[PDB]
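Student: First the structure, which I've put down as structure tokens, then a few questions once you've had a look.
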Amino acid sequence: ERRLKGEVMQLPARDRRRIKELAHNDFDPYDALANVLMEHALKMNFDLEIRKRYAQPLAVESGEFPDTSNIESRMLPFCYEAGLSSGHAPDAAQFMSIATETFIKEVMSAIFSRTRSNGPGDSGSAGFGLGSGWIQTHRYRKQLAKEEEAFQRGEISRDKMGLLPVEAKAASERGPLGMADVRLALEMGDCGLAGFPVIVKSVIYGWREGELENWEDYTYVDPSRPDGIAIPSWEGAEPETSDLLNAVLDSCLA
Amino acid sequence: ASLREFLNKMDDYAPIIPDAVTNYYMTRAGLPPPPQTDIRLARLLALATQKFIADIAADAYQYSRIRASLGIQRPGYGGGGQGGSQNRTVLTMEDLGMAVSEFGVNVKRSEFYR
Amino acid sequence: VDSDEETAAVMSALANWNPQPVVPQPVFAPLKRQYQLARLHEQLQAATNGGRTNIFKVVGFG
Amino acid sequence: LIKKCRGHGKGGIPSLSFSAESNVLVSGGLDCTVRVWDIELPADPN
Amino acid sequence: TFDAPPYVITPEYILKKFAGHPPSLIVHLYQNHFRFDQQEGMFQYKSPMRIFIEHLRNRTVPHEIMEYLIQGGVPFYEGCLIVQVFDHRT
Amino acid sequence: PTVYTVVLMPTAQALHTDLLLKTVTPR
Amino acid sequence: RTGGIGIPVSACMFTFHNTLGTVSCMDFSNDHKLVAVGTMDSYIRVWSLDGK
Amino acid sequence: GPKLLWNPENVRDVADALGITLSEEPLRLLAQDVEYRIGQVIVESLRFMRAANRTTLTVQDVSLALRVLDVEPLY
Amino acid sequence: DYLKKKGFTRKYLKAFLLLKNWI
Amino acid sequence: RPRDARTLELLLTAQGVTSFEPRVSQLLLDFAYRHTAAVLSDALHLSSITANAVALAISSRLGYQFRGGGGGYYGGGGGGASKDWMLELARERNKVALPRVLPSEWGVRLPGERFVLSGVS
């Protein structure tokens, strides 16, 4: 405590007055939370065109990738909300569509590079060209080199899509992208989703891929095994009319 | 090149980083020491680290040389003393910052704390 | 200036520090929920005619 | 809340434990002390 | 003090305890729409009000329209609701 | 037409909404 | 229960040396035969309280 | 506005380094925001320190606090 | 007020082993 | 000892910290400098700059970082998720029945073969 006095007094008087002034602050009414709680609970009528934003279905609702038409429909309400009475430039929808396409392509490319190998070669018309490609194993690289050498002699010919037999064989095995790959790829980095926490949280909090189907597959603890794991090889009363009411409601919902 | 042959020849590519440092940082990152993990793998990881550091150093030297022969150091890289001795090249903070900004790092600081 | 009083006041002032924000901190949720809620609220506003009609009233005993 | 005990210094109490019959409590703190508390004091004989 | 509900609440207990009291809501079901007793318009099964039908199927209080219900003073029985359904659909 | 009577049970979301509404209702 | 004072108890203390402030947790087995401490260097160390 | 622990003169110096001239209102806003951010970082650092049964603030705790807030690391 | 608004009305092997352990 | 460095020290001392580590206050000062520089550059690029520019720059920055702090009721701390969405997820998860177990397996079972570290040597 004795050294506390010296430490305090080492400061200049002006700084001490500045610090002491804090006592006049009007505490923390946090009245700014009022608007948040309310949200969570001659002349032009600018409020009749903003409400049109919800008429158009979302991409997930319909299943159609957004295009120029949907983006054009969505543009105006945002402009009216922000106070841009004039509107938007004629050629903005195409720009927005191109930007969205580029963003999605970049994200999907980021996810694929960290979980796939033995991609199509760079002989011509296929592969990734000047972009970032996947890794190559020893055996596949050897076979690809041999086939590329052979094709120059005319012994072998490409398939319909321009893939040599080895490349088509390799591409045959690969299956569709799943959620385990996405989860693994999200451990390495952000994959461009640094600004969408909801998507990442939805990925993390979901069921593990392939768990609902195999809901009753178990192992056992057994130290005798190499790894300690032993793999096994009133009217209309509800209590009586509930079924009929449920059936009619199910038919109604369809 | 092949992974098997490279691993076998790893005896001739041992980096300059001691074994104690490799064990310490491998254990910090979650990998047991060499007695349980092939020494070749530890040597390979240390070699990769050495290559990365060497590339950073080369870029820093390249940045430093051009500056040698308006004429005011960029703000945000406070560091240094009197200015060294003789006409020797000195690893200052500006070259390191400019070099590592290519790798995604940021080493900005303050000069006069007031 | 009484040194003990000044230091006690300074420490008391610092102990109660509580900085305030400049802009509110955002809260995130899926778009689908917001869109569905907006549509439902608009439909209810239309049906109830701005709250001037109570479509939830009950007459009798069923 | 039944009652509040007191005596430990500032800094924290990382752990607690109860007796076998749930009549004694022992707490160790970051101020380098161990203390034993009596949940129910004996009835005064007047 | 108020009587507290049992561990598990079932329709029989609530209906028996509050028998002879007005129902909370009245709903009429048609081929492709439904409405309330004093309501003049209608709601489609494909409209945003499908949440009410889903709640009715699942037997859960519709928290989304809580303020609208509170405005109308709908009666609550031990925190639950009693709903009367008329089936004109058939 | 057939007449039915059913009961709807409460949930935690209901209580959360009740408290939230009470928070922002002027007296 | 009337009059008197509380119960008397004993205590055995196990001390750890040369930690250098890199210990984050502790635990005893239910029968007091092993002790584990988690460190700030991401590893865990398990001892035997009798030295066997 | 409220009373600021952060002295706006540091904000003025930083602006001068970038060849920018600031009025009083933007200076006050920036100083208040920086004060709030420092408060947030201190809160997180103390959370991490208390989680480990200690009463000694080290640099590892501050680094972890920065990590959880998605801020570029300081080396 | 809230409570009113919600309508709240006013086998042998075990014994063998135990006996051996006691013996 | 520079200024604000004897004040951050006192602020931390007044909140329980009974020890320290030199160069911590230096770290905090450098962090404040870097944050100020980034925000100022963003504001300058946005628009002499008004207070609206600073507010917009901070609002844009808050979109992808500083999602923490000690916020309380409906304060965007601890990740920033809304309580209603988390309640929805909790309702969905808390619907299924608890797994069935027998006394002969109470402590020896493990997840499926796909979620275990079998053969990683």
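Chain identifiers are assigned as A, B, and so on, following the order in which chains appear in the structure tokens; residues are numbered from 1 within each chain, and ligands are numbered from 1 in order of appearance.
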Would you return as a count of residues only the members of chain G that DSSP assigns to strand (DSSP E) on this structure's backbone?

Tutor: 12

Student: Excluding same-chain residues fewer than 5 positions from range 16-26 of chain F, what lies within 10 Å of it counting only C-alpha atoms, as a PyMOL selection string?

Tutor: (chain A and resi 34-35+37-38+40-41) or (chain E and resi 63-67+70) or (chain F and resi 11) or (chain I and resi 2) or (chain J and resi 83-84+87)

Student: Keeping only N, CA, C and O atoms, write the selected residues to a file as a PDB file, in the first residue's frame.

Tutor:
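Below you can see part.pdb, which holds the result:
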ATOM      1  N   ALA A  34     -32.998   0.003 -25.989  1.00  0.00           N
ATOM      2  CA  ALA A  34     -34.435   0.127 -26.207  1.00  0.00           C
ATOM      3  C   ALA A  34     -34.797  -0.159 -27.659  1.00  0.00           C
ATOM      4  O   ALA A  34     -35.757  -0.884 -27.940  1.00  0.00           O
ATOM      5  N   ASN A  35     -34.038   0.409 -28.599  1.00  0.00           N
ATOM      6  CA  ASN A  35     -34.321   0.175 -30.011  1.00  0.00           C
ATOM      7  C   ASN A  35     -34.100  -1.285 -30.383  1.00  0.00           C
ATOM      8  O   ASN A  35     -34.875  -1.858 -31.159  1.00  0.00           O
ATOM      9  N   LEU A  37     -34.421  -3.892 -28.409  1.00  0.00           N
ATOM     10  CA  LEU A  37     -35.535  -4.654 -27.854  1.00  0.00           C
ATOM     11  C   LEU A  37     -36.805  -4.439 -28.666  1.00  0.00           C
ATOM     12  O   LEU A  37     -37.558  -5.387 -28.920  1.00  0.00           O
ATOM     13  N   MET A  38     -37.063  -3.197 -29.084  1.00  0.00           N
ATOM     14  CA  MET A  38     -38.238  -2.925 -29.904  1.00  0.00           C
ATOM     15  C   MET A  38     -38.171  -3.684 -31.221  1.00  0.00           C
ATOM     16  O   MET A  38     -39.171  -4.255 -31.672  1.00  0.00           O
ATOM     17  N   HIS A  40     -36.552  -6.471 -31.780  1.00  0.00           N
ATOM     18  CA  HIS A  40     -36.666  -7.898 -31.506  1.00  0.00           C
ATOM     19  C   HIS A  40     -37.987  -8.279 -30.850  1.00  0.00           C
ATOM     20  O   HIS A  40     -38.212  -9.468 -30.603  1.00  0.00           O
ATOM     21  N   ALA A  41     -38.858  -7.315 -30.567  1.00  0.00           N
ATOM     22  CA  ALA A  41     -40.157  -7.605 -29.968  1.00  0.00           C
ATOM     23  C   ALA A  41     -41.284  -7.249 -30.932  1.00  0.00           C
ATOM     24  O   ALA A  41     -41.126  -6.401 -31.810  1.00  0.00           O
TER      25      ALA A  41
ATOM     26  N   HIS E  63     -45.996 -19.138 -29.927  1.00  0.00           N
ATOM     27  CA  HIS E  63     -45.371 -17.961 -29.331  1.00  0.00           C
ATOM     28  C   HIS E  63     -45.209 -16.808 -30.316  1.00  0.00           C
ATOM     29  O   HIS E  63     -45.034 -15.664 -29.882  1.00  0.00           O
ATOM     30  N   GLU E  64     -45.257 -17.072 -31.624  1.00  0.00           N
ATOM     31  CA  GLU E  64     -44.978 -16.017 -32.595  1.00  0.00           C
ATOM     32  C   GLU E  64     -46.058 -14.940 -32.604  1.00  0.00           C
ATOM     33  O   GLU E  64     -45.772 -13.787 -32.944  1.00  0.00           O
ATOM     34  N   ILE E  65     -47.292 -15.287 -32.239  1.00  0.00           N
ATOM     35  CA  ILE E  65     -48.406 -14.343 -32.270  1.00  0.00           C
ATOM     36  C   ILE E  65     -48.847 -14.039 -30.845  1.00  0.00           C
ATOM     37  O   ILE E  65     -50.030 -13.781 -30.586  1.00  0.00           O
ATOM     38  N   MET E  66     -47.895 -14.077 -29.911  1.00  0.00           N
ATOM     39  CA  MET E  66     -48.227 -13.880 -28.504  1.00  0.00           C
ATOM     40  C   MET E  66     -48.799 -12.491 -28.256  1.00  0.00           C
ATOM     41  O   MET E  66     -49.781 -12.341 -27.521  1.00  0.00           O
ATOM     42  N   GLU E  67     -48.199 -11.458 -28.851  1.00  0.00           N
ATOM     43  CA  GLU E  67     -48.690 -10.102 -28.619  1.00  0.00           C
ATOM     44  C   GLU E  67     -50.064  -9.898 -29.245  1.00  0.00           C
ATOM     45  O   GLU E  67     -50.924  -9.226 -28.662  1.00  0.00           O
ATOM     46  N   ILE E  70     -52.457 -11.453 -26.922  1.00  0.00           N
ATOM     47  CA  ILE E  70     -52.599 -10.644 -25.715  1.00  0.00           C
ATOM     48  C   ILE E  70     -53.487  -9.438 -25.976  1.00  0.00           C
ATOM     49  O   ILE E  70     -54.239  -9.008 -25.094  1.00  0.00           O
TER      50      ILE E  70
ATOM     51  N   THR F  11     -44.198 -23.828 -23.534  1.00  0.00           N
ATOM     52  CA  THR F  11     -42.793 -24.127 -23.780  1.00  0.00           C
ATOM     53  C   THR F  11     -41.941 -23.026 -23.160  1.00  0.00           C
ATOM     54  O   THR F  11     -42.455 -22.074 -22.566  1.00  0.00           O
TER      55      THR F  11
ATOM     56  N   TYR I   2     -48.681 -11.790 -13.611  1.00  0.00           N
ATOM     57  CA  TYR I   2     -48.371 -12.775 -14.641  1.00  0.00           C
ATOM     58  C   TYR I   2     -49.068 -14.098 -14.356  1.00  0.00           C
ATOM     59  O   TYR I   2     -49.657 -14.710 -15.255  1.00  0.00           O
TER      60      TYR I   2
ATOM     61  N   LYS J  83     -30.494 -15.075 -29.177  1.00  0.00           N
ATOM     62  CA  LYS J  83     -30.990 -16.054 -28.215  1.00  0.00           C
ATOM     63  C   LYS J  83     -32.149 -16.867 -28.775  1.00  0.00           C
ATOM     64  O   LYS J  83     -32.320 -18.033 -28.405  1.00  0.00           O
ATOM     65  N   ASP J  84     -32.955 -16.280 -29.661  1.00  0.00           N
ATOM     66  CA  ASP J  84     -34.095 -17.010 -30.207  1.00  0.00           C
ATOM     67  C   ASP J  84     -33.644 -18.148 -31.115  1.00  0.00           C
ATOM     68  O   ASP J  84     -34.212 -19.245 -31.075  1.00  0.00           O
ATOM     69  N   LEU J  87     -32.421 -20.874 -28.946  1.00  0.00           N
ATOM     70  CA  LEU J  87     -33.552 -21.567 -28.339  1.00  0.00           C
ATOM     71  C   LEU J  87     -34.199 -22.524 -29.330  1.00  0.00           C
ATOM     72  O   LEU J  87     -34.617 -23.625 -28.958  1.00  0.00           O
TER      73      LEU J  87
END

Student: DSSP on the backbone, then: every residue of range 10-251 of chain A marked alpha helix (DSSP H), written as a PyMOL selection string.

Tutor: chain A and resi 13-20+33-40+47-50+59-62+68-82+92-113+138-152+165-173+179-188+197-205+238-251

Student: Go ahead and write the selection's residues with C-alpha atoms as a compact mmCIF listing (two decimals), in the first residue's frame.

Tutor:
# COMPACT_ATOMS: atom_id res chain seq x y z
CA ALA A 13 -1.55 16.80 -11.73
CA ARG A 14 -3.39 17.34 -15.02
CA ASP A 15 -3.63 13.59 -15.61
CA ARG A 16 -4.87 13.09 -12.04
CA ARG A 17 -7.61 15.67 -12.62
CA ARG A 18 -8.53 13.98 -15.90
CA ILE A 19 -8.84 10.64 -14.11
CA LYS A 20 -10.84 12.11 -11.23
CA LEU A 33 -30.89 -1.25 -25.89
CA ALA A 34 -34.44 0.13 -26.21
CA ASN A 35 -34.32 0.18 -30.01
CA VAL A 36 -32.79 -3.31 -30.12
CA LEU A 37 -35.53 -4.65 -27.85
CA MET A 38 -38.24 -2.92 -29.90
CA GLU A 39 -36.84 -4.44 -33.10
CA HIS A 40 -36.67 -7.90 -31.51
CA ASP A 47 -42.73 2.99 -47.35
CA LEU A 48 -44.82 1.25 -50.04
CA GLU A 49 -41.83 0.17 -52.17
CA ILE A 50 -39.58 -1.04 -49.34
CA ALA A 59 -32.81 -18.66 -53.32
CA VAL A 60 -33.02 -21.40 -50.69
CA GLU A 61 -36.82 -21.24 -50.75
CA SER A 62 -37.04 -21.79 -54.51
CA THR A 68 -29.95 -10.59 -62.88
CA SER A 69 -33.74 -10.53 -62.50
CA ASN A 70 -33.84 -11.39 -58.79
CA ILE A 71 -31.01 -9.00 -57.94
CA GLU A 72 -32.69 -6.24 -59.95
CA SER A 73 -35.91 -6.84 -58.02
CA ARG A 74 -34.02 -6.72 -54.71
CA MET A 75 -32.03 -3.54 -55.48
CA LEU A 76 -34.74 -0.90 -55.23
CA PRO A 77 -35.98 -1.41 -51.63
CA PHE A 78 -32.43 -1.04 -50.29
CA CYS A 79 -31.96 2.19 -52.24
CA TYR A 80 -35.24 3.65 -50.99
CA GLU A 81 -34.39 2.66 -47.41
CA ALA A 82 -31.05 4.50 -47.51
CA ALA A 92 -25.65 -2.58 -61.80
CA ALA A 93 -27.53 -5.90 -61.82
CA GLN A 94 -25.03 -7.56 -64.16
CA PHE A 95 -22.12 -6.32 -62.05
CA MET A 96 -23.71 -7.68 -58.87
CA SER A 97 -24.44 -11.03 -60.51
CA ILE A 98 -20.84 -11.35 -61.72
CA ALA A 99 -19.54 -10.48 -58.25
CA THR A 100 -21.78 -13.09 -56.62
CA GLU A 101 -20.64 -15.73 -59.10
CA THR A 102 -16.98 -14.91 -58.47
CA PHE A 103 -17.45 -15.09 -54.69
CA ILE A 104 -19.17 -18.48 -54.81
CA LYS A 105 -16.56 -19.86 -57.21
CA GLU A 106 -13.73 -18.69 -54.94
CA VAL A 107 -15.30 -20.26 -51.85
CA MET A 108 -15.97 -23.58 -53.57
CA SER A 109 -12.44 -23.66 -54.98
CA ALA A 110 -11.06 -23.03 -51.49
CA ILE A 111 -13.01 -25.95 -50.03
CA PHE A 112 -11.99 -28.38 -52.80
CA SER A 113 -8.22 -27.85 -52.75
CA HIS A 138 3.82 -40.93 -57.03
CA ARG A 139 2.02 -43.72 -58.88
CA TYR A 140 -0.54 -41.43 -60.51
CA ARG A 141 2.20 -39.00 -61.55
CA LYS A 142 4.22 -41.83 -63.11
CA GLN A 143 1.23 -43.18 -65.03
CA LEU A 144 0.25 -39.69 -66.20
CA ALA A 145 3.77 -39.00 -67.46
CA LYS A 146 3.83 -42.32 -69.32
CA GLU A 147 0.41 -41.69 -70.90
CA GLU A 148 1.34 -38.14 -71.89
CA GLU A 149 4.49 -39.44 -73.57
CA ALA A 150 2.52 -42.17 -75.35
CA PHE A 151 -0.24 -39.87 -76.64
CA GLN A 152 2.33 -37.90 -78.65
CA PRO A 165 -7.64 -43.01 -69.65
CA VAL A 166 -5.72 -42.52 -66.39
CA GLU A 167 -7.37 -39.16 -65.67
CA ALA A 168 -10.87 -40.49 -66.40
CA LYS A 169 -10.17 -43.55 -64.24
CA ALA A 170 -9.10 -41.32 -61.35
CA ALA A 171 -12.10 -39.01 -61.79
CA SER A 172 -14.46 -42.00 -61.72
CA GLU A 173 -13.78 -42.80 -58.06
CA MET A 179 -20.37 -32.15 -44.82
CA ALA A 180 -17.34 -33.90 -43.33
CA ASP A 181 -15.16 -32.30 -46.01
CA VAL A 182 -16.63 -28.87 -45.26
CA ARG A 183 -16.07 -29.32 -41.53
CA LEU A 184 -12.47 -30.42 -42.06
CA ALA A 185 -11.77 -27.56 -44.47
CA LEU A 186 -13.15 -25.06 -41.95
CA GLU A 187 -10.55 -26.17 -39.39
CA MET A 188 -7.69 -25.08 -41.66
CA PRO A 197 -20.71 -16.46 -38.59
CA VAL A 198 -24.20 -17.94 -38.93
CA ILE A 199 -23.14 -20.30 -41.71
CA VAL A 200 -20.09 -21.55 -39.80
CA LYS A 201 -22.08 -22.01 -36.59
CA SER A 202 -24.77 -23.93 -38.49
CA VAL A 203 -22.07 -26.20 -39.91
CA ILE A 204 -20.51 -26.76 -36.48
CA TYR A 205 -23.72 -27.37 -34.51
CA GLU A 238 -58.67 -35.42 -27.81
CA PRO A 239 -57.59 -38.62 -25.97
CA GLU A 240 -59.92 -40.67 -28.22
CA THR A 241 -60.15 -38.67 -31.46
CA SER A 242 -56.48 -37.64 -31.55
CA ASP A 243 -55.60 -40.03 -34.38
CA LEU A 244 -58.43 -38.87 -36.65
CA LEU A 245 -57.67 -35.19 -36.02
CA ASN A 246 -53.98 -35.79 -36.71
CA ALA A 247 -54.80 -37.61 -39.95
CA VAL A 248 -57.10 -34.84 -41.19
CA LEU A 249 -54.50 -32.20 -40.29
CA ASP A 250 -51.80 -34.16 -42.13
CA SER A 251 -54.06 -34.34 -45.18

Student: If we count only C-alpha atoms and set the cut-off at 9 Å, which residues sit around residue 24 in chain B, ignoring sequence neighbours fewer than 5 positions away in its own chain? Please answer as a list in words.

Tutor: residues 19, 29 and 33 of chain B

Student: Keeping only N, CA, C and O atoms, take the residues you just selected and write them out as a PDB file, in the first residue's frame.

Tutor:
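Just written: again_20.pdb:
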ATOM      1  N   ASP B  19      17.694 -30.552 -31.773  1.00  0.00           N
ATOM      2  CA  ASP B  19      16.617 -31.500 -31.515  1.00  0.00           C
ATOM      3  C   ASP B  19      15.746 -31.072 -30.342  1.00  0.00           C
ATOM      4  O   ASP B  19      14.543 -31.357 -30.333  1.00  0.00           O
ATOM      5  N   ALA B  29       2.627 -28.326 -29.912  1.00  0.00           N
ATOM      6  CA  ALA B  29       1.597 -28.411 -30.939  1.00  0.00           C
ATOM      7  C   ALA B  29       0.815 -29.718 -30.909  1.00  0.00           C
ATOM      8  O   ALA B  29      -0.187 -29.833 -31.622  1.00  0.00           O
ATOM      9  N   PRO B  33       7.467 -36.878 -28.711  1.00  0.00           N
ATOM     10  CA  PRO B  33       8.858 -36.637 -29.113  1.00  0.00           C
ATOM     11  C   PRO B  33       9.370 -37.723 -30.042  1.00  0.00           C
ATOM     12  O   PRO B  33       8.667 -38.708 -30.309  1.00  0.00           O
TER      13      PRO B  33
END

Student: Which residues of chain H come within 10 Å of range 24-33 of chain G, and what is each one's closest atom pair and distance in Å (one decimal), counting only C-alpha atoms, sorted by chain and residue number, as a Markdown table?

Tutor:
| residue | atom | partner | partner_atom | distance |
| --- | --- | --- | --- | --- |
| H:51 | CA | G:24 | CA | 8.4 |
| H:52 | CA | G:24 | CA | 4.9 |
| H:53 | CA | G:24 | CA | 6.5 |
| H:54 | CA | G:24 | CA | 8.2 |

Student: Would you mind exporting the chosen residues as a JSON list (two decimals), in the first residue's frame, restricted to N, CA and C atoms?

Tutor:
[["chain", "number", "residue", "atom", "x", "y", "z"],
["H", 51, "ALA", "N", -9.70, -18.12, -15.78],
["H", 51, "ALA", "CA", -10.02, -19.50, -16.13],
["H", 51, "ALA", "C", -8.93, -20.47, -15.71],
["H", 52, "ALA", "N", -7.72, -19.99, -15.41],
["H", 52, "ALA", "CA", -6.59, -20.85, -15.11],
["H", 52, "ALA", "C", -6.14, -20.77, -13.65],
["H", 53, "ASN", "N", -7.00, -20.28, -12.76],
["H", 53, "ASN", "CA", -6.71, -20.24, -11.33],
["H", 53, "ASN", "C", -5.39, -19.51, -11.06],
["H", 54, "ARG", "N", -5.35, -18.24, -11.46],
["H", 54, "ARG", "CA", -4.17, -17.42, -11.28],
["H", 54, "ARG", "C", -4.60, -15.98, -11.02]]

Student: For chain J, which residues have at least one atom within 6 Å of chain H, if we go by only C-alpha atoms? Write them as a PDB file with C-alpha atoms, in the first residue's frame, please.

Tutor:
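part11.pdb, written as the output of this step:
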ATOM      1  CA  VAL J  17      -4.423  -8.191 -10.733  1.00  0.00           C
ATOM      2  CA  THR J  18      -1.767  -8.671  -8.039  1.00  0.00           C
ATOM      3  CA  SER J  19       1.131  -9.120 -10.489  1.00  0.00           C
ATOM      4  CA  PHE J  20       2.071  -8.178 -14.034  1.00  0.00           C
ATOM      5  CA  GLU J  21       4.482  -8.695 -16.926  1.00  0.00           C
ATOM      6  CA  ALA J  51     -18.500  12.070 -37.914  1.00  0.00           C
ATOM      7  CA  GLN J  65     -14.434  -8.989 -35.722  1.00  0.00           C
ATOM      8  CA  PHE J  66     -14.719  -7.838 -32.106  1.00  0.00           C
ATOM      9  CA  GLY J  69     -16.979  -8.538 -24.704  1.00  0.00           C
TER      10      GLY J  69
END

Student: What are the residues of chain B that have an atom within 9 Å of an atom of chain G, counting only C-alpha atoms, as a compact mmCIF listing (two decimals) with C-alpha atoms, in the first residue's frame?

Tutor:
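Dumped to part22.txt:
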# COMPACT_ATOMS: atom_id res chain seq x y z
CA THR B 27 4.99 -31.31 -27.96
CA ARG B 28 3.49 -27.83 -27.68
CA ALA B 29 1.60 -28.41 -30.94
CA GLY B 30 0.46 -31.91 -29.94

Student: Quick one: of C:1, C:44, C:8, C:29, who's nearest to chain J, counting only C-alpha atoms?

Tutor: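 Closest to chain J, using only C-alpha atoms: C:29.
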
Student: In Å, rounded to a single decimal, give me how far CA of residue 217 in chain A is from CA of residue 118 in chain J.

Tutor: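 Pair CA of residue 118 in chain J / CA of residue 217 in chain A returns 15.0 Å.
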
Student: Could the residues of chain E within 12 Å of chain I, counting only C-alpha atoms, be given as a PyMOL selection string, please?

Tutor: chain E and resi 1-5+14+17-18+21+24+70+73-81

Student: For the interface of chain F with chain C (cut-off 12 Å, counting only C-alpha atoms), please tabulate each contacting residue of chain F alongside its nearest pair of atoms and their separation in Å to one decimal, rows sorted by chain and increasing number, as JSON lines.

Tutor:
{"residue": "F:3", "atom": "CA", "partner": "C:62", "partner_atom": "CA", "distance": 9.7}
{"residue": "F:4", "atom": "CA", "partner": "C:62", "partner_atom": "CA", "distance": 10.5}
{"residue": "F:5", "atom": "CA", "partner": "C:62", "partner_atom": "CA", "distance": 9.8}

Student: Using only C-alpha atoms, determine which residues lie at most 10 Å from residue 57 in chain B, disregarding the query and same-chain residues fewer than 3 positions distant; provide the list as a PyMOL selection string.

Tutor: chain B and resi 51-54+60-63+91+95-96+99-100

Student: If we count only C-alpha atoms, what is near residue 58 in chain E at a cut-off of 10 Å, once residues fewer than 6 positions away on the same chain are taken out, given as a PyMOL selection string?

Tutor: (chain A and resi 246) or (chain E and resi 52) or (chain F and resi 8-9)

Student: Residues of chain H were defined as contacting chain A if any atom lay at most 9 Å from it, counting only C-alpha atoms; please report them as a short mmCIF file (atom, residue, chain, number, x, y, z; two decimals) with N, CA, C and O atoms, in the first residue's frame.

Tutor:
data_model
loop_
_atom_site.label_atom_id
_atom_site.label_comp_id
_atom_site.auth_asym_id
_atom_site.auth_seq_id
_atom_site.Cartn_x
_atom_site.Cartn_y
_atom_site.Cartn_z
N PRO H 2 -19.50 11.98 -22.93
CA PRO H 2 -18.98 11.53 -21.63
C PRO H 2 -17.53 11.94 -21.41
O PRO H 2 -16.95 12.65 -22.24
N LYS H 3 -16.95 11.51 -20.30
CA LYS H 3 -15.55 11.78 -19.99
C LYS H 3 -14.71 10.61 -20.49
O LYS H 3 -15.06 9.45 -20.26
N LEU H 4 -13.60 10.93 -21.15
CA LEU H 4 -12.77 9.94 -21.82
C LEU H 4 -11.47 9.73 -21.04
O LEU H 4 -10.80 10.70 -20.68
N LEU H 5 -11.14 8.46 -20.78
CA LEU H 5 -9.83 8.14 -20.22
C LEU H 5 -8.73 8.24 -21.27
O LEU H 5 -7.61 8.65 -20.97
#

Student: With 9 Å as the cut-off and only C-alpha atoms counted, what is the closest atom pair between each nearby residue of chain J and chain C? Distances in Å to one decimal, ordered by chain and number, as a tab-separated table.

Tutor:
residue	atom	partner	partner_atom	distance
J:10	CA	C:14	CA	7.9
J:11	CA	C:14	CA	6.0
J:14	CA	C:15	CA	5.5
J:15	CA	C:15	CA	6.6
J:55	CA	C:23	CA	7.3
J:58	CA	C:23	CA	7.8
J:59	CA	C:23	CA	7.0
J:62	CA	C:25	CA	7.6
J:63	CA	C:26	CA	7.8
J:67	CA	C:25	CA	8.1
J:71	CA	C:25	CA	9.0
J:74	CA	C:27	CA	8.1
J:75	CA	C:25	CA	6.7
J:76	CA	C:27	CA	5.3
J:77	CA	C:25	CA	8.2
J:80	CA	C:27	CA	5.4
J:81	CA	C:28	CA	5.3
J:82	CA	C:27	CA	5.8
J:84	CA	C:29	CA	8.6
J:85	CA	C:29	CA	6.5
